[PDB]
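For reference, final10.cif is printed below; it contains mmCIF, C-alpha atoms.
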data_my_file
loop_
_atom_site.label_atom_id
_atom_site.label_comp_id
_atom_site.auth_asym_id
_atom_site.auth_seq_id
_atom_site.Cartn_x
_atom_site.Cartn_y
_atom_site.Cartn_z
CA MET A 1 -5.48 -6.74 -8.51
CA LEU A 2 -2.94 -9.11 -10.07
CA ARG A 3 -3.04 -12.22 -12.26
CA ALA A 4 -0.84 -14.91 -10.80
CA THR A 5 -0.16 -18.62 -10.89
CA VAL A 6 -0.11 -20.76 -7.77
CA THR A 7 3.46 -22.08 -7.43
CA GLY A 8 3.57 -23.75 -3.99
CA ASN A 9 2.24 -24.34 -0.49
CA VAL A 10 3.54 -22.60 2.62
CA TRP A 11 3.00 -24.08 6.09
CA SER A 12 3.47 -21.92 9.16
CA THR A 13 2.88 -23.98 12.30
CA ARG A 14 4.44 -21.52 14.78
CA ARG A 15 2.20 -18.52 13.92
CA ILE A 16 0.51 -15.58 15.60
CA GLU A 17 -3.05 -15.88 16.79
CA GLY A 18 -5.93 -14.70 14.69
CA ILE A 19 -5.41 -16.32 11.31
CA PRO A 20 -8.68 -17.81 9.93
CA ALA A 21 -9.20 -21.15 8.28
CA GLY A 22 -7.48 -21.34 4.88
CA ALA A 23 -4.13 -21.88 3.20
CA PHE A 24 -0.97 -19.90 2.52
CA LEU A 25 -0.05 -20.26 -1.13
CA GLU A 26 3.00 -19.05 -3.00
CA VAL A 27 2.01 -17.30 -6.22
CA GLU A 28 4.00 -15.88 -9.09
CA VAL A 29 2.65 -12.72 -10.68
CA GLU A 30 2.14 -12.96 -14.43
CA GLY A 31 4.67 -11.15 -16.62
CA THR A 32 6.91 -9.92 -13.81
CA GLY A 33 7.60 -13.24 -12.18
CA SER A 34 7.40 -11.51 -8.77
CA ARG A 35 6.51 -13.81 -5.94
CA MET A 36 4.38 -13.36 -2.89
CA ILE A 37 2.46 -15.44 -0.44
CA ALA A 38 -1.35 -15.08 -0.68
CA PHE A 39 -4.08 -16.38 1.57
CA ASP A 40 -6.57 -18.79 0.00
CA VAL A 41 -10.05 -19.85 1.00
CA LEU A 42 -11.29 -21.21 -2.36
CA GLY A 43 -9.16 -24.35 -2.26
CA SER A 44 -6.79 -23.30 -5.09
CA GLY A 45 -4.17 -25.79 -6.22
CA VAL A 46 -0.64 -25.54 -7.54
CA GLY A 47 -0.60 -24.54 -11.21
CA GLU A 48 -3.94 -22.72 -10.99
CA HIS A 49 -4.29 -19.20 -12.42
CA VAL A 50 -5.74 -16.85 -9.82
CA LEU A 51 -6.69 -13.24 -9.21
CA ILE A 52 -5.19 -11.54 -6.15
CA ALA A 53 -6.20 -8.50 -4.12
CA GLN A 54 -3.70 -6.78 -1.80
CA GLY A 55 -3.66 -4.56 1.26
CA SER A 56 -6.32 -3.99 3.84
CA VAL A 57 -9.20 -5.22 1.63
CA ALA A 58 -7.73 -8.73 1.92
CA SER A 59 -8.24 -8.53 5.72
CA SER A 60 -11.54 -6.69 5.80
CA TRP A 61 -13.24 -9.40 3.70
CA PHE A 62 -13.25 -11.75 6.70
CA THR A 63 -15.86 -11.97 9.41
CA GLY A 64 -14.68 -11.91 13.00
CA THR A 65 -11.54 -10.07 14.03
CA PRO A 66 -9.81 -8.78 10.86
CA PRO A 67 -6.71 -11.05 10.33
CA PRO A 68 -3.15 -9.96 9.65
CA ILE A 69 -3.45 -10.86 5.99
CA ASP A 70 -2.50 -8.46 3.12
CA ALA A 71 -3.00 -10.70 0.04
CA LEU A 72 -6.07 -12.77 -0.79
CA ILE A 73 -6.93 -14.92 -3.75
CA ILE A 74 -10.33 -13.57 -4.77
CA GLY A 75 -11.07 -15.87 -7.66
CA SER A 76 -9.86 -18.46 -10.09
CA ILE A 77 -9.15 -17.35 -13.67
CA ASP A 78 -10.74 -19.19 -16.58
CA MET B 1 2.62 -11.51 2.40
CA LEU B 2 6.33 -12.09 1.88
CA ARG B 3 8.87 -14.72 2.89
CA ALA B 4 11.90 -13.12 4.51
CA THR B 5 14.93 -13.99 6.56
CA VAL B 6 15.73 -12.27 9.86
CA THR B 7 19.18 -10.71 9.61
CA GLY B 8 19.43 -8.72 12.81
CA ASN B 9 17.93 -6.56 15.52
CA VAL B 10 17.37 -2.87 15.27
CA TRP B 11 18.19 -0.95 18.36
CA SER B 12 16.31 2.27 18.75
CA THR B 13 17.61 5.11 20.89
CA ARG B 14 14.16 6.69 21.32
CA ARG B 15 10.64 6.07 20.01
CA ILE B 16 7.32 7.87 19.73
CA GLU B 17 4.70 6.66 22.16
CA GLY B 18 2.39 3.77 21.43
CA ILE B 19 4.76 1.04 20.23
CA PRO B 20 3.79 -2.28 21.81
CA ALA B 21 6.00 -4.87 23.49
CA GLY B 22 8.04 -6.67 20.83
CA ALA B 23 11.13 -6.20 18.70
CA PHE B 24 12.18 -4.34 15.56
CA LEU B 25 13.96 -6.87 13.32
CA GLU B 26 15.84 -6.27 10.13
CA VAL B 27 14.72 -8.83 7.50
CA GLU B 28 15.77 -9.58 3.94
CA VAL B 29 13.03 -10.47 1.49
CA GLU B 30 13.59 -13.83 -0.21
CA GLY B 31 14.41 -13.50 -3.90
CA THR B 32 14.54 -9.72 -4.12
CA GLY B 33 17.16 -9.25 -1.41
CA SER B 34 15.30 -6.09 -0.37
CA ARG B 35 15.61 -5.13 3.24
CA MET B 36 13.05 -3.74 5.64
CA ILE B 37 12.30 -3.54 9.35
CA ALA B 38 9.48 -5.70 10.63
CA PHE B 39 7.87 -5.81 14.05
CA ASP B 40 8.07 -9.12 15.89
CA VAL B 41 6.06 -10.47 18.80
CA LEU B 42 7.02 -14.17 18.34
CA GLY B 43 10.62 -14.10 19.54
CA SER B 44 11.93 -14.74 16.03
CA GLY B 45 15.66 -15.37 15.68
CA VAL B 46 18.46 -14.26 13.38
CA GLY B 47 18.62 -16.54 10.37
CA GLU B 48 15.02 -17.61 10.78
CA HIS B 49 12.72 -17.74 7.79
CA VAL B 50 9.52 -15.84 8.47
CA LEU B 51 6.27 -14.69 6.87
CA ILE B 52 5.54 -10.92 6.93
CA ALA B 53 2.32 -8.94 6.45
CA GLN B 54 2.51 -5.25 5.49
CA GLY B 55 0.40 -2.13 5.71
CA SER B 56 -2.43 -1.29 8.05
CA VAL B 57 -3.20 -4.97 8.71
CA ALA B 58 0.09 -5.14 10.67
CA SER B 59 -1.14 -2.44 13.05
CA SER B 60 -4.73 -3.66 13.29
CA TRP B 61 -3.59 -7.02 14.76
CA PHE B 62 -2.84 -5.24 18.02
CA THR B 63 -5.37 -4.59 20.72
CA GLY B 64 -5.63 -1.04 21.99
CA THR B 65 -4.61 2.16 20.25
CA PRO B 66 -3.45 1.36 16.70
CA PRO B 67 0.34 1.26 16.77
CA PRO B 68 2.40 2.97 14.08
CA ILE B 69 3.59 -0.35 12.62
CA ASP B 70 3.40 -1.22 8.89
CA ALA B 71 5.17 -4.66 8.86
CA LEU B 72 4.58 -7.63 11.18
CA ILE B 73 6.04 -11.10 11.30
CA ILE B 74 3.05 -13.42 11.41
CA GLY B 75 4.81 -16.81 11.61
CA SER B 76 7.86 -18.90 10.79
CA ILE B 77 8.05 -20.99 7.63
CA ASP B 78 7.95 -24.74 8.08
CA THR B 79 10.54 -26.85 6.32
CA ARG B 80 7.91 -28.71 4.33
CA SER B 81 6.95 -25.50 2.52
CA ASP B 82 7.60 -25.70 -1.19
CA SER B 83 8.09 -23.50 -4.25
CA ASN B 84 8.36 -23.96 -8.00
CA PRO B 85 8.63 -21.71 -11.03
CA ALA B 86 5.28 -21.11 -12.79
CA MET C 1 -3.83 7.76 -9.37
CA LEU C 2 -2.36 6.57 -12.64
CA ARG C 3 -3.04 7.00 -16.32
CA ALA C 4 -3.52 3.60 -17.93
CA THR C 5 -4.79 1.99 -21.11
CA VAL C 6 -7.31 -0.87 -21.14
CA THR C 7 -5.58 -3.85 -22.78
CA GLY C 8 -7.79 -6.84 -22.05
CA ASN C 9 -9.95 -8.55 -19.46
CA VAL C 10 -10.15 -11.40 -17.02
CA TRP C 11 -12.89 -13.97 -16.68
CA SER C 12 -13.31 -15.47 -13.21
CA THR C 13 -16.13 -17.93 -12.66
CA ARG C 14 -15.18 -19.19 -9.25
CA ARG C 15 -14.96 -16.18 -6.96
CA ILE C 16 -15.24 -15.36 -3.28
CA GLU C 17 -18.49 -13.64 -2.22
CA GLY C 18 -18.69 -9.85 -2.39
CA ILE C 19 -17.44 -8.84 -5.84
CA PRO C 20 -19.74 -6.02 -7.11
CA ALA C 21 -21.44 -5.84 -10.52
CA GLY C 22 -18.82 -4.82 -13.10
CA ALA C 23 -15.81 -6.19 -14.99
CA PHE C 24 -12.22 -7.13 -14.26
CA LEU C 25 -10.19 -5.31 -16.89
CA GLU C 26 -6.49 -5.58 -17.65
CA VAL C 27 -4.81 -2.18 -17.90
CA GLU C 28 -1.29 -1.03 -18.72
CA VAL C 29 0.15 1.96 -16.85
CA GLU C 30 1.22 4.66 -19.28
CA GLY C 31 4.95 5.18 -19.64
CA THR C 32 5.90 2.22 -17.44
CA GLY C 33 4.20 -0.62 -19.28
CA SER C 34 3.40 -2.28 -15.92
CA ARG C 35 0.09 -4.21 -15.94
CA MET C 36 -2.62 -4.88 -13.44
CA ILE C 37 -6.26 -5.78 -13.18
CA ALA C 38 -8.64 -2.92 -12.32
CA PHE C 39 -12.37 -3.10 -11.61
CA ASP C 40 -14.65 -1.23 -14.05
CA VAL C 41 -18.17 0.05 -13.55
CA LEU C 42 -18.30 2.75 -16.27
CA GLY C 43 -18.07 0.64 -19.40
CA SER C 44 -14.44 1.28 -20.43
CA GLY C 45 -13.61 -0.36 -23.73
CA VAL C 46 -10.38 -2.04 -24.82
CA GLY C 47 -7.85 0.59 -25.93
CA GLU C 48 -9.44 3.37 -23.89
CA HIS C 49 -7.33 5.68 -21.77
CA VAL C 50 -8.49 5.63 -18.15
CA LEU C 51 -7.66 6.90 -14.67
CA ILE C 52 -7.04 4.31 -11.93
CA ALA C 53 -7.17 4.53 -8.13
CA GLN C 54 -5.51 1.82 -6.00
CA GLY C 55 -5.68 0.37 -2.54
CA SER C 56 -8.53 0.40 -0.11
CA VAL C 57 -10.19 3.52 -1.63
CA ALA C 58 -11.14 1.26 -4.58
CA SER C 59 -13.17 -0.84 -2.15
CA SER C 60 -14.53 1.83 0.16
CA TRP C 61 -16.03 3.66 -2.84
CA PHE C 62 -18.73 0.92 -2.92
CA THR C 63 -20.77 1.71 0.11
CA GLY C 64 -21.74 -1.06 2.47
CA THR C 65 -19.74 -4.26 2.99
CA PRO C 66 -16.25 -3.76 1.62
CA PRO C 67 -15.58 -5.68 -1.59
CA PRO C 68 -12.19 -7.32 -1.90
CA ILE C 69 -11.12 -4.94 -4.66
CA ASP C 70 -7.91 -2.85 -4.70
CA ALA C 71 -7.97 -1.11 -8.08
CA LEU C 72 -10.82 0.84 -9.67
CA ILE C 73 -11.15 2.75 -12.96
CA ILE C 74 -12.53 6.11 -11.81
CA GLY C 75 -12.82 7.87 -15.16
CA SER C 76 -12.06 8.10 -18.82
CA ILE C 77 -9.32 10.48 -19.82
CA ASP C 78 -10.13 13.09 -22.42
CA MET D 1 9.26 0.09 8.25
CA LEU D 2 12.41 1.63 6.81
CA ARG D 3 15.74 2.92 8.03
CA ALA D 4 16.50 6.41 6.73
CA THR D 5 18.60 9.48 7.37
CA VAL D 6 17.14 12.94 7.79
CA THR D 7 18.57 15.13 5.04
CA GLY D 8 16.65 18.37 5.48
CA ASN D 9 13.63 20.40 6.48
CA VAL D 10 10.69 21.05 4.21
CA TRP D 11 8.67 24.21 4.60
CA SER D 12 5.07 24.32 3.45
CA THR D 13 3.20 27.48 4.16
CA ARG D 14 0.11 26.85 2.06
CA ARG D 15 -1.51 23.67 3.40
CA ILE D 16 -4.85 21.94 3.55
CA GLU D 17 -6.53 21.84 6.97
CA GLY D 18 -5.68 19.02 9.38
CA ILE D 19 -1.88 18.76 9.45
CA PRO D 20 -0.85 18.22 13.10
CA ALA D 21 1.75 20.12 15.04
CA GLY D 22 5.16 18.91 13.93
CA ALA D 23 7.58 19.09 11.02
CA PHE D 24 8.01 17.84 7.48
CA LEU D 25 11.45 16.28 7.06
CA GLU D 26 13.14 15.05 3.95
CA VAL D 27 14.77 11.67 4.47
CA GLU D 28 16.88 9.30 2.45
CA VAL D 29 16.18 5.57 2.76
CA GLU D 30 19.26 3.57 3.63
CA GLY D 31 20.73 1.35 0.90
CA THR D 32 18.33 2.46 -1.83
CA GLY D 33 18.99 6.17 -1.51
CA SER D 34 15.30 6.78 -2.18
CA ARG D 35 13.97 10.02 -0.80
CA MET D 36 10.65 10.87 0.71
CA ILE D 37 9.12 13.38 3.11
CA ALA D 38 8.12 12.08 6.55
CA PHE D 39 6.24 13.76 9.34
CA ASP D 40 8.15 14.25 12.61
CA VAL D 41 6.98 14.88 16.14
CA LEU D 42 10.13 13.92 18.08
CA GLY D 43 12.28 16.85 16.97
CA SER D 44 14.60 14.87 14.72
CA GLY D 45 17.59 16.72 13.31
CA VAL D 46 19.46 16.71 10.02
CA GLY D 47 21.82 13.73 9.80
CA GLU D 48 19.88 11.70 12.30
CA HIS D 49 19.21 8.06 11.56
CA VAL D 50 15.51 7.33 11.94
CA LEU D 51 12.84 4.61 11.58
CA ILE D 52 9.83 5.35 9.34
CA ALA D 53 6.33 3.85 9.11
CA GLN D 54 4.29 4.37 5.92
CA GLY D 55 0.70 4.38 4.86
CA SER D 56 -2.42 4.99 6.90
CA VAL D 57 -0.77 3.87 10.15
CA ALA D 58 1.16 7.17 10.04
CA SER D 59 -2.15 9.00 10.14
CA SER D 60 -4.07 6.78 12.53
CA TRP D 61 -1.35 7.28 15.19
CA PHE D 62 -2.81 10.76 15.80
CA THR D 63 -5.88 10.96 17.97
CA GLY D 64 -9.01 12.41 16.39
CA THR D 65 -9.67 13.24 12.75
CA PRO D 66 -7.21 11.50 10.41
CA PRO D 67 -4.50 13.81 9.21
CA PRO D 68 -3.53 13.53 5.54
CA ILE D 69 -0.10 12.06 6.37
CA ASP D 70 1.33 8.79 5.02
CA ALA D 71 4.85 8.71 6.52
CA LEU D 72 5.85 9.18 10.15
CA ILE D 73 9.22 9.02 11.92
CA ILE D 74 8.54 6.59 14.76
CA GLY D 75 11.99 6.56 16.34
CA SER D 76 15.69 7.22 16.24
CA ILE D 77 18.16 4.39 15.57
CA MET E 1 4.86 11.91 1.31
CA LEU E 2 6.44 12.98 -1.95
CA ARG E 3 7.98 16.17 -3.27
CA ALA E 4 6.64 16.71 -6.81
CA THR E 5 6.21 19.36 -9.50
CA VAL E 6 2.87 19.96 -11.20
CA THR E 7 3.37 19.22 -14.91
CA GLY E 8 -0.15 19.49 -16.26
CA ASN E 9 -3.92 19.10 -16.01
CA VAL E 10 -5.90 15.93 -16.58
CA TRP E 11 -9.50 16.10 -17.78
CA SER E 12 -12.13 13.31 -17.57
CA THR E 13 -14.86 12.82 -20.25
CA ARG E 14 -16.79 10.42 -18.02
CA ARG E 15 -16.22 9.73 -14.31
CA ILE E 16 -17.71 7.69 -11.52
CA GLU E 17 -19.84 9.35 -8.87
CA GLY E 18 -18.52 10.70 -5.61
CA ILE E 19 -15.49 12.70 -6.71
CA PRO E 20 -15.37 16.02 -4.83
CA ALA E 21 -14.77 19.47 -6.29
CA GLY E 22 -11.13 19.90 -7.29
CA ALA E 23 -8.75 19.08 -10.12
CA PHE E 24 -6.74 16.11 -11.34
CA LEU E 25 -3.12 17.25 -11.82
CA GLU E 26 -0.26 15.33 -13.37
CA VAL E 27 2.85 15.67 -11.19
CA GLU E 28 6.44 14.58 -11.54
CA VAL E 29 8.07 13.07 -8.41
CA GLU E 30 11.34 14.89 -7.85
CA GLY E 31 13.79 12.17 -6.90
CA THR E 32 12.72 9.69 -9.58
CA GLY E 33 11.08 11.66 -12.40
CA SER E 34 8.11 9.30 -12.09
CA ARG E 35 4.70 10.76 -12.94
CA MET E 36 1.36 10.22 -11.27
CA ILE E 37 -2.00 11.96 -11.04
CA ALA E 38 -2.89 13.68 -7.79
CA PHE E 39 -6.09 15.34 -6.66
CA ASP E 40 -5.89 19.08 -5.91
CA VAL E 41 -8.15 21.35 -3.85
CA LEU E 42 -5.67 24.15 -3.21
CA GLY E 43 -5.63 25.54 -6.74
CA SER E 44 -2.08 24.47 -7.62
CA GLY E 45 -0.63 25.59 -10.93
CA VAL E 46 1.67 24.03 -13.49
CA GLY E 47 5.28 24.32 -12.39
CA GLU E 48 4.39 24.54 -8.72
CA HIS E 49 6.31 22.41 -6.18
CA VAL E 50 3.90 20.44 -4.06
CA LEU E 51 3.73 17.86 -1.31
CA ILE E 52 1.67 14.69 -1.94
CA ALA E 53 0.11 12.12 0.36
CA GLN E 54 -0.89 8.73 -1.00
CA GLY E 55 -3.29 5.94 -0.11
CA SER E 56 -6.39 5.92 2.03
CA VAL E 57 -5.48 9.13 3.88
CA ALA E 58 -6.02 11.02 0.61
CA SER E 59 -9.67 9.88 0.66
CA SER E 60 -10.37 9.99 4.36
CA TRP E 61 -9.45 13.75 4.41
CA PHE E 62 -12.74 14.49 2.67
CA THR E 63 -16.14 14.87 4.21
CA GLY E 64 -19.05 12.86 2.88
CA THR E 65 -18.94 9.60 0.96
CA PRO E 66 -15.38 8.28 0.64
CA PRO E 67 -13.98 9.53 -2.63
CA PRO E 68 -12.10 7.17 -4.89
CA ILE E 69 -8.88 9.17 -4.55
CA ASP E 70 -5.45 7.74 -3.58
CA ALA E 71 -3.22 10.80 -4.00
CA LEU E 72 -3.83 14.33 -2.66
CA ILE E 73 -1.74 17.51 -2.80
CA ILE E 74 -1.63 18.51 0.85
CA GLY E 75 0.47 21.65 0.48
CA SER E 76 2.71 23.83 -1.60
CA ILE E 77 6.46 23.64 -0.90
CA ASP E 78 8.40 26.82 -0.04
#

I need this file expressed as structure tokens, please.
Amino acid sequence: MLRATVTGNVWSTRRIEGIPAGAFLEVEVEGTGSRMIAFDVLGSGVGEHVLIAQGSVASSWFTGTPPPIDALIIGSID
Amino acid sequence: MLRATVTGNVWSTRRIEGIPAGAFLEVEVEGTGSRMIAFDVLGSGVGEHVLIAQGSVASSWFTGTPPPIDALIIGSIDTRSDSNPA
Amino acid sequence: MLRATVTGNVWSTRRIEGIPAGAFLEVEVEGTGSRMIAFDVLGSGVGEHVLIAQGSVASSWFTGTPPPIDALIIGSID
Amino acid sequence: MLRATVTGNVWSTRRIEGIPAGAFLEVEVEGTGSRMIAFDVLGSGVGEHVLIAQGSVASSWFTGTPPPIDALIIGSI
Amino acid sequence: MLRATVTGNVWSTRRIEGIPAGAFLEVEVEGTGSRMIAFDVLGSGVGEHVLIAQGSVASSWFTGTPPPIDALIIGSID
């Protein structure tokens, strides 16, 4: 998993079917400054420090048909 | 997921069986400049900014036999999307 | 798998459902100095040398519903 | 997926059970020059430009028990 | 998959449950010189050239409960 900071909001209106309710957030990984887009269900805001999981476990967390999501914010960091 | 820009189309001369309808697009990852080939079912265009998912979740989106695809464009990026350094 | 050293830990109070009992530990990969957060169930202490597995095998190790975990400390290195 | 060029053949005589029929090919990823070994079922030759998929999708392409393969040549370019 | 050379043995003082019979070997990836730890069931020795598979296919090869293994030596290279 990675520590990251939420750095922005991504909207994708023309998108494939099968994405659940939630938000696409830009995050910046701590120390490296690498960026990625992570899916969020907790309601995380810009500036928040978050913990991210990657790969198929981000998709398999969801009920219903597993979504084409490979990065999920799994918690907020205190 | 990654933001990328479509830079071109990849023309195959032959393929293994089991690849769905759709296109192989060359994309350039925003910020790193890294290139990869992503599968596209949306009719994405050259120059378009897109969102990509990687790994087995790209294949599992498809119905039927799991295709041998490890990168999928899942949408285009709206112009209101924003970014800022941490 | 990678050799890593435990360097710290993460507290997360607001989390998605499905994180198992255990701790989020910060580890540094030996030789590279790259850092990540790995889940710990053994009781690895700060400074300890550990072995890490990554990706979905970190989640599927927990039997039952897959936790949204992509890095697991699987042992202490002698 | 990645663009790569086949640079040679890899022979492995001592193997764990479950490798499918086919060949191990060394490839070089375009632009980065990174090398890896990919599995091939099409009969790709040295010098050929190919498209590679990585991770478990290389394995799950095969029907039946999952082979312990994490890179597959899925086409020629 | 990766071409690598076995560079040594890795011993665990304490490990989680569910790891099959076999050895943890340190290997050096040939193109890069990068090192990693791979699981071995073939009885590979130091100095041997081996072929490695990474990720969930390293675990799903095994019978029984999914082992927490993300790198497996699948063969020796001639």

For residue B:6, please output as a list in words all residues within 9 Å (counting all atoms listed in the file; exclusion window: fewer than 5 positions along the same chain).
residues 25, 26, 27, 28, 29, 44, 45, 46, 47, 48, 49 and 50 of chain B

Write out, as a PDB file, in the frame of the given file, the residues just selected, with C-alpha atoms.
ATOM      1  CA  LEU B  25      13.960  -6.870  13.320  1.00  0.00           C
ATOM      2  CA  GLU B  26      15.840  -6.270  10.130  1.00  0.00           C
ATOM      3  CA  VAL B  27      14.720  -8.830   7.500  1.00  0.00           C
ATOM      4  CA  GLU B  28      15.770  -9.580   3.940  1.00  0.00           C
ATOM      5  CA  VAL B  29      13.030 -10.470   1.490  1.00  0.00           C
ATOM      6  CA  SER B  44      11.930 -14.740  16.030  1.00  0.00           C
ATOM      7  CA  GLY B  45      15.660 -15.370  15.680  1.00  0.00           C
ATOM      8  CA  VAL B  46      18.460 -14.260  13.380  1.00  0.00           C
ATOM      9  CA  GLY B  47      18.620 -16.540  10.370  1.00  0.00           C
ATOM     10  CA  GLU B  48      15.020 -17.610  10.780  1.00  0.00           C
ATOM     11  CA  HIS B  49      12.720 -17.740   7.790  1.00  0.00           C
ATOM     12  CA  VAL B  50       9.520 -15.840   8.470  1.00  0.00           C
TER      13      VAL B  50
END

Output chain E, superimposed onto chain C using in-order Cα pairs, as a PDB file with C-alpha atoms, in the coordinates of the input:
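Result file part.pdb:
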ATOM      1  CA  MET E   1      -3.504   7.671  -9.519  1.00  0.00           C
ATOM      2  CA  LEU E   2      -2.304   6.118 -12.746  1.00  0.00           C
ATOM      3  CA  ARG E   3      -2.857   6.797 -16.423  1.00  0.00           C
ATOM      4  CA  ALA E   4      -3.473   3.432 -18.131  1.00  0.00           C
ATOM      5  CA  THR E   5      -4.892   1.868 -21.291  1.00  0.00           C
ATOM      6  CA  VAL E   6      -7.434  -0.947 -21.161  1.00  0.00           C
ATOM      7  CA  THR E   7      -5.829  -3.964 -22.859  1.00  0.00           C
ATOM      8  CA  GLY E   8      -8.373  -6.686 -22.224  1.00  0.00           C
ATOM      9  CA  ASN E   9     -11.026  -8.433 -20.141  1.00  0.00           C
ATOM     10  CA  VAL E  10     -10.426 -10.861 -17.305  1.00  0.00           C
ATOM     11  CA  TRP E  11     -13.000 -13.531 -16.482  1.00  0.00           C
ATOM     12  CA  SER E  12     -13.289 -15.517 -13.209  1.00  0.00           C
ATOM     13  CA  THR E  13     -14.489 -19.181 -13.099  1.00  0.00           C
ATOM     14  CA  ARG E  14     -14.910 -19.058  -9.322  1.00  0.00           C
ATOM     15  CA  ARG E  15     -14.817 -15.975  -7.075  1.00  0.00           C
ATOM     16  CA  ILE E  16     -15.247 -15.068  -3.447  1.00  0.00           C
ATOM     17  CA  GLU E  17     -18.436 -13.414  -2.259  1.00  0.00           C
ATOM     18  CA  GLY E  18     -18.955  -9.689  -2.046  1.00  0.00           C
ATOM     19  CA  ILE E  19     -17.689  -8.484  -5.413  1.00  0.00           C
ATOM     20  CA  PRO E  20     -20.055  -5.843  -6.824  1.00  0.00           C
ATOM     21  CA  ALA E  21     -21.450  -5.651 -10.347  1.00  0.00           C
ATOM     22  CA  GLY E  22     -18.766  -4.565 -12.807  1.00  0.00           C
ATOM     23  CA  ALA E  23     -15.874  -5.979 -14.804  1.00  0.00           C
ATOM     24  CA  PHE E  24     -12.255  -6.939 -14.229  1.00  0.00           C
ATOM     25  CA  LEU E  25     -10.136  -5.214 -16.906  1.00  0.00           C
ATOM     26  CA  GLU E  26      -6.462  -5.699 -17.637  1.00  0.00           C
ATOM     27  CA  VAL E  27      -4.778  -2.306 -18.078  1.00  0.00           C
ATOM     28  CA  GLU E  28      -1.319  -1.196 -19.076  1.00  0.00           C
ATOM     29  CA  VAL E  29       0.205   1.669 -17.025  1.00  0.00           C
ATOM     30  CA  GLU E  30       1.422   4.287 -19.472  1.00  0.00           C
ATOM     31  CA  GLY E  31       4.768   5.388 -18.097  1.00  0.00           C
ATOM     32  CA  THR E  32       6.060   1.900 -17.298  1.00  0.00           C
ATOM     33  CA  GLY E  33       4.179  -0.571 -19.506  1.00  0.00           C
ATOM     34  CA  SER E  34       3.345  -2.505 -16.336  1.00  0.00           C
ATOM     35  CA  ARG E  35       0.038  -4.390 -16.331  1.00  0.00           C
ATOM     36  CA  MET E  36      -2.490  -4.818 -13.563  1.00  0.00           C
ATOM     37  CA  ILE E  37      -6.156  -5.709 -13.196  1.00  0.00           C
ATOM     38  CA  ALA E  38      -8.571  -2.946 -12.275  1.00  0.00           C
ATOM     39  CA  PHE E  39     -12.253  -3.051 -11.435  1.00  0.00           C
ATOM     40  CA  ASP E  40     -14.587  -1.159 -13.793  1.00  0.00           C
ATOM     41  CA  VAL E  41     -18.133   0.143 -13.303  1.00  0.00           C
ATOM     42  CA  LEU E  42     -18.139   2.753 -16.057  1.00  0.00           C
ATOM     43  CA  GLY E  43     -18.245   0.334 -18.978  1.00  0.00           C
ATOM     44  CA  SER E  44     -14.718   0.999 -20.260  1.00  0.00           C
ATOM     45  CA  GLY E  45     -13.638  -0.643 -23.493  1.00  0.00           C
ATOM     46  CA  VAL E  46     -10.402  -2.109 -24.779  1.00  0.00           C
ATOM     47  CA  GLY E  47      -8.087   0.630 -25.990  1.00  0.00           C
ATOM     48  CA  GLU E  48      -9.654   3.261 -23.769  1.00  0.00           C
ATOM     49  CA  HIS E  49      -7.404   5.589 -21.721  1.00  0.00           C
ATOM     50  CA  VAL E  50      -8.432   5.526 -18.099  1.00  0.00           C
ATOM     51  CA  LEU E  51      -7.522   6.869 -14.691  1.00  0.00           C
ATOM     52  CA  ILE E  52      -6.970   4.354 -11.853  1.00  0.00           C
ATOM     53  CA  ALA E  53      -7.021   4.660  -8.080  1.00  0.00           C
ATOM     54  CA  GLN E  54      -5.382   1.994  -5.948  1.00  0.00           C
ATOM     55  CA  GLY E  55      -5.638   0.673  -2.409  1.00  0.00           C
ATOM     56  CA  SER E  56      -8.407   0.909   0.135  1.00  0.00           C
ATOM     57  CA  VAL E  57     -10.103   3.874  -1.563  1.00  0.00           C
ATOM     58  CA  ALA E  58     -11.012   1.544  -4.445  1.00  0.00           C
ATOM     59  CA  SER E  59     -13.065  -0.545  -1.986  1.00  0.00           C
ATOM     60  CA  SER E  60     -14.427   2.167   0.245  1.00  0.00           C
ATOM     61  CA  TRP E  61     -16.086   3.843  -2.824  1.00  0.00           C
ATOM     62  CA  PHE E  62     -18.669   1.064  -2.838  1.00  0.00           C
ATOM     63  CA  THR E  63     -21.789   0.791  -0.772  1.00  0.00           C
ATOM     64  CA  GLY E  64     -22.456  -2.340   1.234  1.00  0.00           C
ATOM     65  CA  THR E  65     -19.945  -4.884   2.479  1.00  0.00           C
ATOM     66  CA  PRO E  66     -16.371  -3.836   1.675  1.00  0.00           C
ATOM     67  CA  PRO E  67     -15.418  -5.428  -1.607  1.00  0.00           C
ATOM     68  CA  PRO E  68     -12.062  -7.106  -1.973  1.00  0.00           C
ATOM     69  CA  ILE E  69     -10.949  -4.635  -4.646  1.00  0.00           C
ATOM     70  CA  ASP E  70      -7.672  -2.634  -4.616  1.00  0.00           C
ATOM     71  CA  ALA E  71      -7.809  -0.927  -8.019  1.00  0.00           C
ATOM     72  CA  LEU E  72     -10.746   0.987  -9.550  1.00  0.00           C
ATOM     73  CA  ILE E  73     -11.122   2.892 -12.825  1.00  0.00           C
ATOM     74  CA  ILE E  74     -12.417   6.238 -11.616  1.00  0.00           C
ATOM     75  CA  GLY E  75     -12.712   7.948 -14.991  1.00  0.00           C
ATOM     76  CA  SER E  76     -11.951   8.027 -18.667  1.00  0.00           C
ATOM     77  CA  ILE E  77      -9.148  10.356 -19.813  1.00  0.00           C
ATOM     78  CA  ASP E  78      -9.844  13.004 -22.481  1.00  0.00           C
TER      79      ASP E  78
END

Apply the PyMOL selection byres ((chain C) within 12 of (chain E)) to the structure shown and report the selected residues as a ChimeraX atom specification.
/C:1-4,29-32,40-44,48-64,70-78
